[PDB]
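Starting off, we have a lone chain in the form deposited without this ligand, written out as structure tokens.
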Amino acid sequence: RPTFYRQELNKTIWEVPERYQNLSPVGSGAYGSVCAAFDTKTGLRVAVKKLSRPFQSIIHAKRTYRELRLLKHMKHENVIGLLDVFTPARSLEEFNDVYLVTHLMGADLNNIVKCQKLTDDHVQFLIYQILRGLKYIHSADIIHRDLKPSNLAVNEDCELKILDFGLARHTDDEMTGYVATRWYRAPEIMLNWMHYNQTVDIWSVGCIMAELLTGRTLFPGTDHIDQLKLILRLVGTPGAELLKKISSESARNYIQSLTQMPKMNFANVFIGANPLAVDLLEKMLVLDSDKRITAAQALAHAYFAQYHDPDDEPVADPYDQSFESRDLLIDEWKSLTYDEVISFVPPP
């Protein structure tokens, strides 16, 4: 057990092993806060997330267990991995705080798409890495659900990691209006159409790819309805085959009220794009989620010929998500979490 030292940072008490030096706040939110620090043991610049009251409710306790499980499992070049996890607590009785340590990310993909001039080769490499990371996440039946530029860490070498930097609740207010929180969402998830699957993430990748190509938000709707309209205008209104799959009668009924519209010519939307980019976009941005290209399928697409390597695009180890269907008490979620903290083994 290392020695821990205390330090207040924005009215938060931080109690961290001594190996973590020079803590500087980089983000705050209802679910936690993050600091940059220097890890004297590895020489790495790190991010350290302190979870805010991780066991105050059942939903909180399960969310803390969930993140930990996720993070302990992710071992891929293009996905955030866990360097360390710690608590000041000496026992389960003491246990009330959880800190997570990952590699520090300077820039997100936002601090790239704005002003920084992107070649088609850069778009190729960036999206390739997103897809390579997604293949791995989806192989474990893990769905990101919230892919967007701010959830993608990118270094000076254009190397990329998927993460989820959400410190916030994800409320109705947060999904409302002219907001980037909603711009990358698959329609079926944005509007609660049906039970969704992992292709929600492919929709997001399409929105991201478009924006990288044009330097502009693909669907910057001023609200849910306006956004739907932006979408339908590009990809066309649904036919009867798709309407059947909208299991929400009220959703179905509204979407039938709309003037029918054909799918547009993408060559005329993405003027001057590599035709292979255009092609790939048309296969990502399909209304019917059963017919979207998958991550595995898209890696083999001609657009990525320069990067694609089937012997170096690995799948995940099996991920037991049976806890998700389980009904536990706070104390039980907490002991589960405690066990996972105790048993962490750092990477090589």
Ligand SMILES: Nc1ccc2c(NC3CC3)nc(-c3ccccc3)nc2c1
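Shifts are known only where both forms have a C-alpha. One-based numbering along the sequence shown. If you superpose the two forms and keep the largest set of C-alpha atoms that fall within 1.5 Å, you have the rigid core.
There is also a form deposited with this ligand bound; it is not shown, and the following applies to it.
Pose source in the deposited complex; superposed partner this ligand; site open or blocked by backbone or C-beta within 2.4 Å
Judged by the transferred pose of this ligand in the deposited complex, this form is blocked (3 or more ligand atoms within 2.4 Å of backbone or C-beta).
Going by a heavy atom distance of 4.5 Å, is residue 188 a contact of this ligand in the deposited complex?
Looking in the deposited complex, residue contacts with this ligand include residue 188, since a heavy atom lies within 4.5 Å.
Within a 4.5 Å heavy atom cut-off, is residue 290 in contact with this ligand in the deposited complex?
Yes.
Report whether the minimum heavy atom distance between residue 260 and this ligand in the deposited complex is within 4.5 Å.
Residue-level check for residue 260: no, no contact with this ligand.
I'd like to know if residue 268 sits close to this ligand in the deposited complex, meaning any non-hydrogen atom pair within 4.5 angstroms.
Contact check for residue 268: no, nothing within 4.5 Å of this ligand in the deposited complex.
Taking 91, 95 and 341 as a possible spot, do all three reach this ligand in the deposited complex with a heavy atom inside 4.5 Å?
Not a single listed residue reaches this ligand in the deposited complex, so no.
Answer option from 128, 86, 183, 193, heavy atom within 4.5 Å of this ligand in the deposited complex
Partner contact (heavy atom, 4.5 Å) among the options: 193.
Note which of 218, 242, 278, 213 lies within 4.5 Å of this ligand in the deposited complex, where distance is taken over heavy atoms; exactly one does.
Flagged contact: 242.
Since the partner is left out here, which residues of 240-258 would have a heavy atom within 4.5 Å of this ligand in the deposited complex?
Sequence-ordered list: 242, 245, 246, 247, 248, 251.
Once you align the rigid core, which of 91, 259, 265, 250 turns out to move its Cα at least 2 Å between the shown form and the other one?
Looking at each option in turn, only one qualifies, and it is 250.
Quick one: core overlaid, is residue 216 moving 2 Å or more at the Cα between the shown form and the other one?
No: residue 216 shifts by under 2 Å between the shown form and the other one.
Once the rigid core is superposed, list every run of three or more consecutive common residues with all C-alpha shifts of 2 angstroms or more between the shown form and the other one, in sequence order.
Listed in sequence order, the moving runs between the shown form and the other one are 114-117, 164-168, 243-252.
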